[PDB]
Amino acid sequence: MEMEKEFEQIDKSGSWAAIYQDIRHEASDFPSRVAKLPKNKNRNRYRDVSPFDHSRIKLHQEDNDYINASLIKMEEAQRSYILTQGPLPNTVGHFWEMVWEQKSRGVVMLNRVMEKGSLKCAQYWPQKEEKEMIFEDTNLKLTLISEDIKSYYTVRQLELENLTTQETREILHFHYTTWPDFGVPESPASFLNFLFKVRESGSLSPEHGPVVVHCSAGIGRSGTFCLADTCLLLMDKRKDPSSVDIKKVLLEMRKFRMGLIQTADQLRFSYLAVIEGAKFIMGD
Ligand SMILES: O=C(O)c1ccc(-c2ccccc2)s1
Ligand SMILES: O=C(O)c1ccc(-c2ccccc2)s1
Ligand SMILES: O=C(O)c1ccc(-c2ccccc2)s1
């Protein structure tokens with residue numbers, strides 16, 4: 001079926017939970033043996049969210065190459081994403097090592113450091129220009145260059161220096177700051193505006209390594225971001241845009257990381273975002 005009318009049909013019939021459970025039942029199951037090794041227990045935030053062995057990002061280190069991060073490679077859309085958990089106190093250096101080694105231009109953050117009165121990820125970037133951060137375990141230096149605070153999101157320019165080689169690179173940090181503590185946003189307009197700002201920066205384009213996107217577990221809000229982006233790109237590429245099937249795209253992405261889209265409300269929000277986005281792209 002098309003998307004916008006499938007949408008009103010699910011709303012009128014109140015069957016979002018049944019649609020979502022079908023997705024969960026059909027999703028891929030692949031091994032995640034490296035994630036479960038005892039030496040990696042303090043490298044995982046949640047025991048039930050792990051990268052598959054076949055798609056996990058490897059650190060260029062011979063001691064321990066493990067990070068909780070996955071490469072999502074969308075062949076028809078010609079887009080790739082790295083989805084990862086929010087960094088932990090003992091993985092902030094690994095996180096920036098990955099950004100460096102994978103040649104990423106941008107980092108997309110969809111959570112606040114504290115939500116619901118608890119810490120959802122480490123404070124992993126510097127908050128003042130004159131107070132830079134040094135990660136001694138991976139030999140990197142990180143400096144805040146500029147910050148632009150808007151009503152729904154903040155963009156930061158960061159300088160990452162590899163202290164071994166003295167090479168430097170400019171990294172863009174895109175921080176969506178207004179996702180509610182509970183539920184999903186009422187309108188997708190600010191989320192879509194944010195996606196378009198990430199696109200306009202070059203961070204999603206083939207001349208760079210894959211964008212790094214995270215929330216707290218790296219599967220819920222993060223899944224919504226890449227699912228909406230890929231669906232909108234396919235609608236622009238195909239002769240028949242009404243052939244794009246958001247449930248089939250989501251099952252393809254779940255071949256590369258488990259659990260993408262955590263609730264039926266997140267699934268409904270993803271449909272809403274793609275539907276509204278397809279009108280702005282042209283023109284209705
Ligand atoms: O950790 C493991 O060894 C596994 C996890 C999942 C496995 C599996 C088995 C049959 C079909 C599809 C997956 S095996
Ligand atoms: O040194 C540390 O930070 C840690 C040591 C052990 C940790 C752990 C975490 C989850 C489950 C079992 C152990 S974290
Ligand atoms: O009948 C339908 O579902 C559609 C008609 C046109 C669509 C479209 C979407 C994005 C970009 C260009 C066209 S989707």
Side-chain angles (χ1 to χ4, degrees), residues 1-11 23-56 63-64 66-68 70 74 76-79 85-95 118-124 135-138 188-189 191-193 195-196 199 204 216-219 226-252 254-260 270-284:
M1 196 185 315
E2 175 193 61
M3 192 169 31
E4 172 146 36
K5 291 185 283 154
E6 190 199 348
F7 180 88
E8 318 219 48
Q9 198 240 323
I10 301 170
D11 255 11
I23 287 164
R24 290 188 61 160
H25 179 72
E26 287 296 326
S28 303
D29 191 22
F30 292 113
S32 310
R33 285 166 209 131
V34 179
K36 303 308 281 171
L37 296 173
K39 66 176 174 162
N40 291 324
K41 197 157 179 181
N42 78 343
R43 291 181 184 217
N44 295 310
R45 187 177 286 285
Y46 304 105
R47 55 152 179 71
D48 59 332
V49 181
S50 301
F52 298 140
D53 296 320
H54 80 88
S55 54
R56 76 184 181 95
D63 169 51
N64 189 342
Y66 177 74
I67 182 170
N68 193 320
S70 307
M74 301 305 288
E76 185 189 356
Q78 286 293 289
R79 279 271 222 258
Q85 70 185 13
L88 293 155
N90 62 295
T91 69
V92 174
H94 307 149
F95 179 89
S118 299
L119 293 173
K120 297 296 168 195
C121 82
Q123 183 60 53
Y124 67 87
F135 304 104
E136 296 185 341
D137 59 337
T138 55
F191 193 68
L192 287 165
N193 187 59
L195 166 61
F196 297 157
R199 279 185 175 195
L204 290 163
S216 190
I219 61 174
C226 59
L227 180 62
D229 184 50
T230 284
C231 284
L232 290 168
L233 212 50
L234 292 170
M235 289 174 84
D236 268 347
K237 215 171 202 255
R238 285 186 186 176
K239 290 185 180 184
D240 177 12
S242 70
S243 73
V244 174
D245 187 334
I246 180 167
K247 301 189 260 48
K248 287 176 177 168
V249 177
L250 178 55
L251 288 165
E252 178 68 25
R254 278 194 179 216
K255 297 177 181 173
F256 300 92
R257 189 170 175 83
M258 61 170 69
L260 303 182
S270 303
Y271 274 74
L272 267 183
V274 174
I275 291 169
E276 188 59 26
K279 309 167 153 158
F280 200 73
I281 199 122
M282 315 184 172
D284 289 319

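Just so you know, these numbers use all the heavy atoms, side chains as well, and skip hydrogens, waters and symmetry mates. Numbering of ligands and ligand atoms starts at 1, following listing order. Position 1 is the first residue of the sequence, and the numbers go up from there.
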Atoms of ligand 3, numbered as shown, that sit under 4.0 Å from any heavy atom of [X]:
X      : answer
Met282 : 7 (C), 8 (C), 9 (C), 10 (C), 11 (C), 12 (C), 13 (C)
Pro241 : 6 (C), 7 (C), 8 (C), 9 (C), 12 (C), 13 (C), 14 (S)
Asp236 : 11 (C)

For this session: Check each protein residue for a heavy atom under 4.0 Å from ligand 1 and list those that pass, ordered by chain and number.
Result: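 Residues near ligand 1: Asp29, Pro31, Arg33.
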
Exercise. Of all heavy-atom pairs between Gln85 and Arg257, which one has the smallest distance, and what is that distance?
Worked result: N-NH2, 4.0 Å

Exercise. Going through the checks in order, is the salt bridge (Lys or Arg N to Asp or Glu O under 4.0 Å) test met by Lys255 and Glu252?
Worked result: CA-CA 5 Å; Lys255 297 177 181 173; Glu252 178 68 25; 2.8 Å; yes

Exercise. How are the rings of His54 and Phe30 set to each other: parallel, tilted or perpendicular (split at 30° and 60°)?
Worked result: perpendicular

Exercise. Would you call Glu76-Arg238 a salt bridge at under 4.0 Å N-O?
Worked result: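 Result for this pair is yes, salt bridge flagged.
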
For this session: Using a strict 4.0 Å threshold on nitrogen-to-oxygen distance, state whether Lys247 and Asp245 make a salt bridge.
Result: yes

Problem set entry | Residues which pass ring-ring contact (aromatic ring centres under 6.0 Å, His included) with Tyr271, listed by chain and number, not counting sequence neighbours | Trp16

For this session: Report the part of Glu2 (side chain from C-beta onward, or backbone N, CA, C, O) that has a heavy atom under 4.0 Å from ligand 3; answer both or neither where that applies.
Result: side chain

For this session: Would you sort out whether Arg47 and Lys41 count as a side chain to side chain contact (heavy atoms under 4.5 Å, CB included), showing the intermediate values?
Result: CA-CA 8 Å; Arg47 55 152 179 71; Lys41 197 157 179 181; over 6 Å; no

Problem set entry | Donor-acceptor pair, side chain of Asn68 and main chain of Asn44, under 3.5 angstrom | no

